[PDB]
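If you count the sequence shown from 1, position 236 lands on 240 in the authors' numbering, and the numbers rise without skipping. Input: a single structure, listed below in structure tokens.
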Amino acid sequence: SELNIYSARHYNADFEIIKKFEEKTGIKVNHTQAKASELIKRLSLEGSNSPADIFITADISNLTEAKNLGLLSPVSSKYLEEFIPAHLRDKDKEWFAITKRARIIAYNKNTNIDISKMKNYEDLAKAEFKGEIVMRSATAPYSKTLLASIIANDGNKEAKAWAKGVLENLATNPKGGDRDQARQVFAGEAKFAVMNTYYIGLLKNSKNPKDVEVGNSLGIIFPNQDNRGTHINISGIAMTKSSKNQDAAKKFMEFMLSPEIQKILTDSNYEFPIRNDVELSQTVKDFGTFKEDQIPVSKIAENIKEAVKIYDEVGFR
Ligand SMILES: [Fe+3]
Numbered sequence: 005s006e007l008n009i010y011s012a013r014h015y016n017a018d019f020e021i022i023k024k025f026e027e028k029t030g031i032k033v034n035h036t037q038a039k040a041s042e043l044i045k046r047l048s049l050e051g052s053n054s055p056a057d058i059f060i061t062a063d064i065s066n067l068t069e070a071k072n073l074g075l076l077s078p079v080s081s082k083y084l085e086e087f088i089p090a091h092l093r094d095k096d097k098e099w100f101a102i103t104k105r106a107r108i109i110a111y112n113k114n115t116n117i118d119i120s121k122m123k124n125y126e127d128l129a130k131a132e133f134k135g136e137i138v139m140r141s142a143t144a145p146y147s148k149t150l151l152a153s154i155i156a157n158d159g160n161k162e163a164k165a166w167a168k169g170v171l172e173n174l175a176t177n178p179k180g181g182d183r184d185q186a187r188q189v190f191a192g193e194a195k196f197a198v199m200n201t202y203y204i205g206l207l208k209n210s211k212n213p214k215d216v217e218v219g220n221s222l223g224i225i226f227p228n229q230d231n232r233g234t235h236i237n238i239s240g241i242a243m244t245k246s247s248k249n250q251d252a253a254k255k256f257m258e259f260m261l262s263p264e265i266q267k268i269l270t271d272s273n274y275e276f277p278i279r280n281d282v283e284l285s286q287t288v289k290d291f292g293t294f295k296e297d298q299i300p301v302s303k304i305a306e307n308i309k310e311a312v313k314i315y316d317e318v319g320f321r
């Protein structure tokens, strides 16, 4: 049992990546998957005695929460610092992006839909869109971090108004993740879905013909193009403080930023690579170009508590 990974990622593409690491290094990987909230509690209760070496997330704020709970340890790697831009890794060297993703607003491009008035995140909360929006639970990392970014940019008053309006505008109570919101848009149960870009790729390229149809129907609004740009989040990685296979851990972290693995992440999981010398997959190119929010993801995550607070006060959960 040579490397223990606790991962909140939820993608079949990761199995190939793991196997590739094992074949390269001879290290066997023990892969545990659960919700980030459950992995953080588990690392908290296991403490110093945890078998965990690596914590992997699909969200910045999950990494920062683990950090701020003393659950991680710094890794100083020339390899990671050379290929990951400073804005996409912890100043204190305890977490590191492996990919980027954008949380966008999707519509059914196989319909005539006026998207002229759905340009910014704030537009989701607008009375005119009552009954026309779908979004997953406020307890989801993607949901919490998106609201954190709205607080970071617009402050808590506007953020609360936004959360209230979104709640009031939901076509249905939240059910499932991003792909279920996409299915709702395909089916005509809602006009707009808040979702991550890579799910569009996963759907368009799915083994399931029904999901291919859903994916093929989706058009992308990259919100806030006229101003601050679209919300970016990261999938990221850290060494746990509990790590006893630290050699292997640092090897795996560097491996995640290697050319072939960054290529798999965009080719097979439709995410944006962190490395600036890896070609995007054709599906990802097809999402189109867009302006990104320039706020550091670390600063977003500083507003995570107020995000959970607001969602609670407004009546989510
Ligand atoms: Fe995801």
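All C-beta atoms in this analysis are idealised placements derived from N, C-alpha and C, irrespective of residue type, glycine included.
So does residue i have its beta carbon nearer than 7 Å to some heavy atom of ligand 1?
i	result
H14	yes
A62	yes
Starting from residue i, trace the beta strand (DSSP E) both ways and give me its first and last residue.
i	result
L47	Element bounds for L47: not the beta strand (DSSP E) but the alpha helix (DSSP H), 40 to 50.
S247	From DSSP, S247 is part of no beta strand (DSSP E); its letter is neither H nor E.
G223	222 to 225
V198	196 to 200
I58	58 to 61
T36	33 to 37
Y315	Not the beta strand (DSSP E): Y315 falls in the alpha helix (DSSP H), residues 308 to 318.
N8	7 to 11
With residue i and residue j assumed to form a contact (beta carbons below 8 Å), what rounded beta-carbon distance in angstroms separates them?
i	j	result
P145	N66	6 Å
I44	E6	That pair is no contact at about 24 Å.
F294	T234	5 Å
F276	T103	6 Å
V301	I204	So it is not a contact: roughly 21 Å between Cβ atoms.
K113	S210	The pair is not a contact, with the Cβ atoms about 18 Å apart (cut-off 8 Å).
residue 3	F320	What the structure shows of the chain is the stretch from 5 to 321, and residue 3 is not part of that stretch, so it cannot be assessed.
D57	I9	7 Å
Say yes only if the C-beta of residue i is nearer than 7 Å to one or more non-hydrogen atoms of ligand 2, and no if none qualify.
i	result
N200	The model on display carries ligand 1 but not ligand 2.
Can you give me the start and stop residues for the alpha helix (DSSP H) that residue i sits inside?
i	result
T143	Where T143 is concerned, there is no enclosing alpha helix (DSSP H), given that its DSSP letter is neither H nor E.
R187	182 to 191
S302	301 to 305
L67	64 to 72
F25	17 to 29
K295	Looking at the DSSP string, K295 is not in any alpha helix (DSSP H), and its letter there is neither H nor E.
- prompt: Should the stretch 19 to 32 be called in touch with the stretch 249 to 257, which here means at least 3 C-beta pairs below 8 Å?
  reply: Proximity of the stretch 19 to 32 to the stretch 249 to 257 meets the contact definition, three or more beta-carbon pairs being nearer than 8 Å.
query: Is there contact here, the stretch 132 to 141 with the stretch 237 to 256, by at least three beta-carbon pairs under 8 Å?
result: Contact between the stretch 132 to 141 and the stretch 237 to 256 is absent, with fewer than three C-beta pairs closer than 8 Å.
field: Touch test, the stretch 66 to 81 against the stretch 94 to 101, Cβ-Cβ under 8 Å, three pairs minimum
entry: Yes, since at least three Cβ pairs between the stretch 66 to 81 and the stretch 94 to 101 fall closer than 8 Å, the two stretches touch.
- request: Evaluate the contact criterion for the stretch 45 to 57 versus the stretch 267 to 283: three or more CB pairs, one atom per stretch, below 8 Å.
  value: Here the stretch 45 to 57 makes no contact with the stretch 267 to 283; the two share fewer than three CB pairs at distances below 8 Å.
field: Touch test, the stretch 215 to 228 against the stretch 262 to 271, Cβ-Cβ under 8 Å, three pairs minimum
entry: Below 8 Å, too few C-beta pairs join the stretch 215 to 228 and the stretch 262 to 271 to call them touching: fewer than three.
query: Just checking, does the stretch 300 to 320 make contact with the stretch 155 to 164 on the three C-beta pairs under 8 Å criterion?
result: Short answer: they touch.
query: Along the chain, which unbroken stretches of the beta strand (DSSP E) at least 3 residues long are found entirely within the stretch 256 to 280?
result: Taking only runs of at least 3 residues, no beta strand (DSSP E) segment lies wholly in the stretch 256 to 280.
- request: Indicate whether the contact test is met: 3 or more Cβ pairs, each with one atom in the stretch 112 to 132 and one in the stretch 187 to 197, closer than 8 Å.
  value: Touching, yes, given that three or more Cβ pairs across the two stretches are closer than 8 Å.
task: Please specify which runs of the beta strand (DSSP E), each continuous and at least 3 residues long, are wholly inside the stretch 80 to 143, giving them in chain order.
output: Here the runs fully enclosed are 100 to 112.
message: Below 8 Å, how does it come out for the stretch 147 to 157 and the stretch 185 to 193: are there three or more Cβ pairs, yes or no?
response: These segments do not touch.
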